[PDB]
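This is coords.txt. It holds compact mmCIF, N, CA and C atoms.
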```
# COMPACT_ATOMS: atom_id res chain seq x y z
N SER A 1 13.04 -2.82 1.40
CA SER A 1 11.67 -2.34 1.30
C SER A 1 11.01 -2.42 2.68
N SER A 2 9.88 -1.73 2.84
CA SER A 2 9.14 -1.80 4.09
C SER A 2 8.41 -3.12 4.26
N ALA A 3 8.27 -3.90 3.19
CA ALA A 3 7.60 -5.19 3.27
C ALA A 3 8.32 -6.16 4.19
N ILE A 4 9.63 -6.00 4.40
CA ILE A 4 10.35 -6.91 5.28
C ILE A 4 9.99 -6.61 6.72
N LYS A 5 9.86 -7.67 7.52
CA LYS A 5 9.39 -7.57 8.89
C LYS A 5 10.34 -8.31 9.83
N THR A 6 10.65 -7.68 10.96
CA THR A 6 11.65 -8.19 11.91
C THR A 6 11.29 -7.71 13.31
N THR A 7 11.99 -8.26 14.30
CA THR A 7 11.91 -7.79 15.68
C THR A 7 13.26 -7.28 16.15
N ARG A 8 13.23 -6.54 17.26
CA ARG A 8 14.45 -5.92 17.79
C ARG A 8 15.52 -6.96 18.02
N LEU A 9 15.15 -8.09 18.63
CA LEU A 9 16.13 -9.13 18.90
C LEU A 9 16.70 -9.68 17.61
N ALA A 10 15.85 -9.91 16.61
CA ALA A 10 16.34 -10.42 15.34
C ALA A 10 17.32 -9.44 14.70
N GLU A 11 16.99 -8.15 14.74
CA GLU A 11 17.88 -7.15 14.16
C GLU A 11 19.22 -7.11 14.88
N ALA A 12 19.19 -7.13 16.21
CA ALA A 12 20.44 -7.08 16.95
C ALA A 12 21.29 -8.31 16.67
N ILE A 13 20.65 -9.47 16.57
CA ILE A 13 21.37 -10.67 16.15
C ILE A 13 22.06 -10.44 14.82
N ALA A 14 21.32 -9.91 13.85
CA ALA A 14 21.90 -9.72 12.52
C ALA A 14 23.08 -8.76 12.57
N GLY A 15 22.92 -7.65 13.28
CA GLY A 15 23.99 -6.67 13.35
C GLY A 15 25.24 -7.24 13.99
N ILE A 16 25.08 -7.91 15.13
CA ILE A 16 26.24 -8.41 15.83
C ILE A 16 26.93 -9.51 15.03
N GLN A 17 26.14 -10.35 14.36
CA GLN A 17 26.74 -11.35 13.48
C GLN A 17 27.55 -10.68 12.39
N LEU A 18 27.00 -9.62 11.80
CA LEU A 18 27.72 -8.95 10.73
C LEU A 18 29.02 -8.36 11.24
N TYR A 19 28.99 -7.80 12.45
CA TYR A 19 30.19 -7.20 13.02
C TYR A 19 31.26 -8.25 13.27
N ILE A 20 30.86 -9.39 13.84
CA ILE A 20 31.82 -10.47 14.08
C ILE A 20 32.42 -10.95 12.77
N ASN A 21 31.57 -11.22 11.78
CA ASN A 21 32.05 -11.74 10.51
C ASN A 21 33.01 -10.76 9.85
N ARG A 22 32.68 -9.47 9.89
CA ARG A 22 33.60 -8.46 9.38
C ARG A 22 34.92 -8.48 10.13
N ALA A 23 34.87 -8.62 11.45
CA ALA A 23 36.10 -8.61 12.22
C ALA A 23 37.01 -9.76 11.81
N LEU A 24 36.47 -10.97 11.75
CA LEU A 24 37.32 -12.14 11.61
C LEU A 24 38.06 -12.16 10.28
N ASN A 25 37.40 -11.77 9.20
CA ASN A 25 37.99 -11.88 7.87
C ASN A 25 39.06 -10.84 7.61
N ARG A 26 39.44 -10.05 8.61
CA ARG A 26 40.44 -8.99 8.48
C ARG A 26 40.07 -7.97 7.42
N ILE A 27 38.82 -7.93 6.98
CA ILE A 27 38.39 -6.82 6.15
C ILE A 27 38.39 -5.54 6.98
N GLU A 28 38.18 -5.66 8.27
CA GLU A 28 38.26 -4.49 9.14
C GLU A 28 39.71 -4.24 9.54
N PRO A 29 40.23 -3.04 9.33
CA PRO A 29 41.59 -2.73 9.77
C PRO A 29 41.65 -2.60 11.28
N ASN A 30 42.87 -2.67 11.80
CA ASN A 30 43.15 -2.49 13.23
C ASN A 30 42.38 -3.48 14.09
N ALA A 31 42.21 -4.70 13.60
CA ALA A 31 41.57 -5.72 14.41
C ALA A 31 42.43 -6.07 15.61
N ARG A 32 41.79 -6.24 16.76
CA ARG A 32 42.47 -6.70 17.97
C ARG A 32 42.65 -8.21 17.86
N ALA A 33 43.64 -8.61 17.06
CA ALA A 33 43.82 -10.02 16.74
C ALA A 33 44.06 -10.87 17.98
N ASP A 34 44.50 -10.25 19.07
CA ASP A 34 44.65 -10.99 20.32
C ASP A 34 43.34 -11.61 20.76
N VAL A 35 42.24 -10.87 20.67
CA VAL A 35 40.97 -11.41 21.15
C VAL A 35 40.28 -12.24 20.08
N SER A 36 40.69 -12.11 18.82
CA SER A 36 40.05 -12.86 17.75
C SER A 36 40.30 -14.35 17.85
N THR A 37 41.21 -14.78 18.71
CA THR A 37 41.59 -16.18 18.84
C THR A 37 40.81 -16.91 19.92
N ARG A 38 39.77 -16.29 20.47
CA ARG A 38 39.06 -16.90 21.58
C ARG A 38 38.29 -18.14 21.12
N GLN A 39 37.86 -18.92 22.12
CA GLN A 39 37.22 -20.21 21.86
C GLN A 39 35.92 -20.05 21.09
N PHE A 40 35.13 -19.04 21.45
CA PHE A 40 33.89 -18.78 20.74
C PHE A 40 34.16 -18.56 19.26
N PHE A 41 35.24 -17.86 18.93
CA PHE A 41 35.57 -17.63 17.53
C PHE A 41 36.18 -18.86 16.89
N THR A 42 36.89 -19.68 17.67
CA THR A 42 37.34 -20.96 17.14
C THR A 42 36.15 -21.78 16.66
N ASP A 43 35.07 -21.80 17.44
CA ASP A 43 33.85 -22.49 17.05
C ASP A 43 32.91 -21.62 16.25
N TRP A 44 33.42 -20.57 15.61
CA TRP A 44 32.55 -19.68 14.85
C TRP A 44 31.82 -20.38 13.72
N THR A 45 32.33 -21.52 13.25
CA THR A 45 31.62 -22.25 12.21
C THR A 45 30.27 -22.73 12.69
N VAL A 46 30.19 -23.21 13.93
CA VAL A 46 28.93 -23.70 14.49
C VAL A 46 28.26 -22.69 15.39
N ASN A 47 28.88 -21.55 15.65
CA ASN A 47 28.24 -20.50 16.42
C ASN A 47 27.88 -19.30 15.57
N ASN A 48 28.04 -19.39 14.25
CA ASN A 48 27.60 -18.32 13.36
C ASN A 48 26.09 -18.29 13.21
N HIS B 1 13.45 -6.82 -1.79
CA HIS B 1 12.05 -6.65 -2.13
C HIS B 1 11.17 -7.79 -1.67
N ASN B 2 11.71 -8.76 -0.92
CA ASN B 2 10.90 -9.79 -0.29
C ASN B 2 10.02 -10.52 -1.32
N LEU B 3 10.69 -11.19 -2.24
CA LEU B 3 10.04 -12.00 -3.26
C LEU B 3 10.48 -13.45 -3.10
N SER B 4 10.11 -14.28 -4.08
CA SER B 4 10.62 -15.64 -4.14
C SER B 4 12.05 -15.59 -4.65
N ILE B 5 12.66 -16.76 -4.86
CA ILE B 5 13.99 -16.77 -5.44
C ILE B 5 13.97 -16.31 -6.88
N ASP B 6 12.81 -16.32 -7.53
CA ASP B 6 12.70 -15.99 -8.94
C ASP B 6 11.88 -14.73 -9.20
N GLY B 7 11.46 -14.01 -8.16
CA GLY B 7 10.76 -12.75 -8.34
C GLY B 7 9.26 -12.78 -8.14
N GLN B 8 8.71 -13.89 -7.65
CA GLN B 8 7.29 -13.93 -7.35
C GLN B 8 7.00 -13.19 -6.05
N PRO B 9 6.15 -12.17 -6.06
CA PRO B 9 5.84 -11.45 -4.82
C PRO B 9 5.15 -12.35 -3.80
N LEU B 10 5.41 -12.07 -2.53
CA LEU B 10 4.83 -12.82 -1.42
C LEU B 10 3.51 -12.24 -0.93
N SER B 11 3.11 -11.07 -1.42
CA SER B 11 1.91 -10.40 -0.94
C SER B 11 1.04 -10.02 -2.12
N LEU B 12 -0.27 -10.20 -1.94
CA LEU B 12 -1.25 -10.02 -3.01
C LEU B 12 -2.17 -8.86 -2.69
N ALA B 13 -2.54 -8.10 -3.72
CA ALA B 13 -3.29 -6.87 -3.58
C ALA B 13 -4.79 -7.13 -3.74
N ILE B 14 -5.56 -6.05 -3.76
CA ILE B 14 -7.00 -6.10 -3.96
C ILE B 14 -7.35 -5.17 -5.11
N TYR B 15 -8.48 -5.47 -5.77
CA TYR B 15 -8.94 -4.70 -6.91
C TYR B 15 -9.66 -3.42 -6.51
N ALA B 16 -10.40 -3.45 -5.40
CA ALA B 16 -11.19 -2.31 -4.92
C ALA B 16 -12.16 -1.83 -6.00
N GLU B 17 -13.09 -2.73 -6.32
CA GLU B 17 -14.06 -2.47 -7.38
C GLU B 17 -14.93 -1.27 -7.01
N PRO B 18 -15.28 -0.41 -7.98
CA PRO B 18 -16.08 0.77 -7.66
C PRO B 18 -17.52 0.45 -7.27
N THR B 19 -18.29 1.49 -6.98
CA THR B 19 -19.70 1.37 -6.63
C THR B 19 -20.59 1.17 -7.86
N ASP B 20 -20.10 1.54 -9.05
CA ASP B 20 -20.72 1.64 -10.37
C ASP B 20 -21.66 2.84 -10.43
N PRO B 21 -21.96 3.36 -11.62
CA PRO B 21 -22.79 4.57 -11.70
C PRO B 21 -24.25 4.27 -11.37
N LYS B 22 -25.04 5.33 -11.34
CA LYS B 22 -26.47 5.25 -11.11
C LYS B 22 -27.21 5.68 -12.37
N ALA B 23 -28.27 4.95 -12.71
CA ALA B 23 -29.07 5.28 -13.88
C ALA B 23 -29.80 6.59 -13.64
N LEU B 24 -29.62 7.54 -14.55
CA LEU B 24 -30.29 8.83 -14.43
C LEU B 24 -31.81 8.66 -14.46
N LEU B 25 -32.49 9.36 -13.56
CA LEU B 25 -33.94 9.32 -13.47
C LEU B 25 -34.51 10.64 -13.97
N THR B 26 -35.46 10.55 -14.89
CA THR B 26 -36.11 11.72 -15.48
C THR B 26 -37.45 11.96 -14.79
N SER B 27 -37.87 13.22 -14.75
CA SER B 27 -39.12 13.61 -14.11
C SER B 27 -39.96 14.48 -15.03
N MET B 28 -41.26 14.44 -14.79
CA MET B 28 -42.22 15.29 -15.48
C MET B 28 -41.96 16.75 -15.13
N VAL B 29 -41.53 17.55 -16.10
CA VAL B 29 -41.25 18.96 -15.88
C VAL B 29 -42.34 19.78 -16.57
N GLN B 30 -42.95 20.69 -15.82
CA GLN B 30 -44.13 21.41 -16.27
C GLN B 30 -43.95 22.91 -16.08
N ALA B 31 -44.32 23.67 -17.11
CA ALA B 31 -44.28 25.13 -17.07
C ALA B 31 -45.70 25.65 -17.27
N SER B 32 -46.18 26.45 -16.33
CA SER B 32 -47.58 26.86 -16.33
C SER B 32 -47.83 28.08 -17.20
N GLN B 33 -48.91 28.02 -17.96
CA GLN B 33 -49.29 29.10 -18.86
C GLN B 33 -50.81 29.21 -18.85
N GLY B 34 -51.30 30.42 -19.12
CA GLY B 34 -52.73 30.68 -19.06
C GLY B 34 -53.44 30.52 -20.40
N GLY B 35 -54.75 30.78 -20.37
CA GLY B 35 -55.56 30.79 -21.57
C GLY B 35 -55.81 32.20 -22.08
N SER B 36 -56.46 32.26 -23.24
CA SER B 36 -56.66 33.53 -23.92
C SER B 36 -57.78 34.34 -23.27
N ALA B 37 -57.66 35.66 -23.35
CA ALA B 37 -58.64 36.56 -22.76
C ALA B 37 -59.91 36.59 -23.60
N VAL B 38 -61.02 36.92 -22.93
CA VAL B 38 -62.29 37.06 -23.63
C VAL B 38 -62.25 38.31 -24.50
N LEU B 39 -63.06 38.32 -25.52
CA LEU B 39 -63.13 39.47 -26.40
C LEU B 39 -64.38 40.28 -26.10
N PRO B 40 -64.37 41.58 -26.40
CA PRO B 40 -65.58 42.38 -26.21
C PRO B 40 -66.70 41.87 -27.10
N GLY B 41 -67.92 41.88 -26.57
CA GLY B 41 -69.03 41.22 -27.22
C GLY B 41 -69.90 42.06 -28.14
N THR B 42 -69.81 41.81 -29.44
CA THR B 42 -70.70 42.44 -30.40
C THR B 42 -72.03 41.70 -30.45
N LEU B 43 -73.07 42.37 -30.96
CA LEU B 43 -74.43 41.84 -30.95
C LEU B 43 -74.89 41.54 -32.38
N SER B 44 -75.65 40.46 -32.54
CA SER B 44 -76.04 39.93 -33.83
C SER B 44 -77.39 40.50 -34.27
N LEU B 45 -78.02 39.83 -35.24
CA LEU B 45 -79.33 40.21 -35.75
C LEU B 45 -80.37 39.10 -35.66
N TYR B 46 -79.99 37.90 -35.25
CA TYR B 46 -80.95 36.83 -35.00
C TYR B 46 -81.35 36.80 -33.53
N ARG B 47 -82.30 35.94 -33.21
CA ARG B 47 -82.76 35.76 -31.84
C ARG B 47 -82.08 34.55 -31.23
N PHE B 48 -82.48 34.23 -30.01
CA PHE B 48 -81.67 33.34 -29.18
C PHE B 48 -81.69 31.89 -29.65
```
Taking this structure as input, can you express it in the form of structure tokens?
Amino acid sequence: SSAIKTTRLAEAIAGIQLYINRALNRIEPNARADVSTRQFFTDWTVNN
Amino acid sequence: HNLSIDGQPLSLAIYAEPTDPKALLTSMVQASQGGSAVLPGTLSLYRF
């Protein structure tokens, strides 16, 4: 609904988080699994 | 829809009460009309 209110930075955060989460769970095909093993993703539990 | 966890809306509306009607005011309405014409004068048999 239009009642929800956000800022550009908040939206971009949400989108990028969604993209990362989709990537990791292998729901996305053709994942570059080589890069999925990086340290940031290792700490994805506390960097989500 | 940006509600509570149970469906309570977070935003409250207004009633927008009307102006209410106006009491009709009546006025003295007058139509002008004349009086009766004089009649031709016959003469009597007594004195003044």
Residues within 7 Å of range 4-18 of chain A, all atoms listed in the file, excluding chain neighbours under 3 positions, as a CSV table (one decimal) with N, CA and C atoms, in the coordinates of the input:
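Wrote it out as selection27.csv, contents follow:
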```csv
chain,number,residue,atom,x,y,z
A,1,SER,N,13.0,-2.8,1.4
A,1,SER,CA,11.7,-2.3,1.3
A,1,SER,C,11.0,-2.4,2.7
A,21,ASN,N,31.6,-11.2,11.8
A,21,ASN,CA,32.0,-11.7,10.5
A,21,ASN,C,33.0,-10.8,9.8
A,22,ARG,N,32.7,-9.5,9.9
A,22,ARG,CA,33.6,-8.5,9.4
A,22,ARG,C,34.9,-8.5,10.1
A,23,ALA,N,34.9,-8.6,11.4
A,23,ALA,CA,36.1,-8.6,12.2
A,23,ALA,C,37.0,-9.8,11.8
A,48,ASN,N,28.0,-19.4,14.2
A,48,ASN,CA,27.6,-18.3,13.4
A,48,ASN,C,26.1,-18.3,13.2
B,1,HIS,N,13.4,-6.8,-1.8
B,1,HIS,CA,12.0,-6.6,-2.1
B,1,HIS,C,11.2,-7.8,-1.7
B,2,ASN,N,11.7,-8.8,-0.9
B,2,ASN,CA,10.9,-9.8,-0.3
B,2,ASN,C,10.0,-10.5,-1.3
```
For chain B, which residues have at least one atom within 12 Å of chain A, if we go by only C-alpha atoms? Write them as a ChimeraX atom specification, please.
/B:1-3,9-12
In chain A, what's alpha helix (DSSP H) per DSSP? Answer as a PyMOL selection string?
chain A and resi 8-24+39-42+44-47
Atom N of residue 29 in chain A and CA of residue 47 in chain A, how far apart in Å?
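Computing the Euclidean distance for CA of residue 47 in chain A and atom N of residue 29 in chain A yields 22.3 Å.
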